[PDB]
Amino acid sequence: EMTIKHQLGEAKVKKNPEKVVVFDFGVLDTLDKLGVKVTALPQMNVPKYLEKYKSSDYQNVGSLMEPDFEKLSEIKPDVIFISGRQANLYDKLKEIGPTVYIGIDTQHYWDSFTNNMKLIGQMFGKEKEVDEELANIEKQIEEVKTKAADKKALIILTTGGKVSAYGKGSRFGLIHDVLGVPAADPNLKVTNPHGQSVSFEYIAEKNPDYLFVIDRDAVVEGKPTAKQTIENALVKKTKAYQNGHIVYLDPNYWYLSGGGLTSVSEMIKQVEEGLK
């Protein structure tokens, strides 16, 4: 048995749990990377890169925000992994089975990710494999930091033709904090998961060298809006647009997932491609 201290409390889990339930897609992609058998997940909306798990091979335990608590009672999980989207449901889930919070601390992204991945390693007897995969991600980080130098960036999320911004220490702060991309707005302190609502005027005025764009609507709705939103008078005149430095980050990772061995690796590859 393992005793796990996390941001929301403490859990007790058998090592090598057989019936694994996952509500965080970063953890799901970690288990997939390590070849750990998964029992169930919310299949209402699954990231494209994880569509293996949209299959009938797996039990459907609802949506990210609305678990199927009955179907969970029918499984009786050895462990339930949750992150931010389910934090408000910590107490209800804890009633059904061992429940581990495994979101990232955005103020300490690398250390929190490392801790989270090492817990997974310990739990499934995959300790050294995780240690090596973390090192391989670090090799990506050290290279990208050099390409990132001197390139002022802004991070935006688009939905419905409108935008929010994120900077240092935010949900998407790893672009600045981990990958060493300078912030076009250093005084932008954001903790809203949905970003700070901003205008196109704000983006134009900040006039970033690079604009990282995360299209919510591509994943939540099935209709891309990011290129339409960006194709706008105030953005089209930015350095970022004129220099071909609008970087459409894949929202299947950035919006729906993050914090896993595969997603963090792929997220860094997407940044690096954008900086190249």
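Throughout, we count residues from 1 along the sequence that is shown.
Select between 259-267 and 16-24 the stretch whose C-alpha atoms have the higher average B-factor in the entry. Mean C-alpha B-factor is greater for 16-24.
Of the two stretches 211-219 and 234-242, which shows the higher Cα B-factor on average in the entry? The entry gives the higher C-alpha B-factor average to 234-242.
Looking at the C-alpha B-factor values in the deposited entry, which of 77, 161, 169, 125 comes out highest? Out of 77, 161, 169, 125, the record gives the largest C-alpha B-factor to 77.
Say you rank 54, 33, 227, 48 by Cα B-factor from the PDB entry; which sits at the top? Result of the comparison over 54, 33, 227, 48: 227.
In terms of the CA temperature factor given in the entry, to which third of its chain does residue 110 belong: lowest, middle or highest? CA B-factor rank for residue 110: middle third.
Just say lowest, middle or highest third for the CA B-factor of residue 71 relative to the other modelled residues in its chain. For residue 71, whose C-alpha B-factor we compare with every modelled residue in the chain, the answer is the highest third.
Third assignment of residue 174 from its chain's C-alpha B-factors: As the PDB entry reports it, the C-alpha B-factor of residue 174 lands in the lowest third of its chain.
Looking at the C-alpha B-factor of residue 92, is it in the lowest, middle or highest third of its chain? Within its chain, residue 92 is a highest-third residue by C-alpha B-factor, going by the deposited values.
Quick one: classify residue 143 as lowest, middle or highest third of the chain based on its Cα B-factor. Middle third of the chain for residue 143's C-alpha B-factor.
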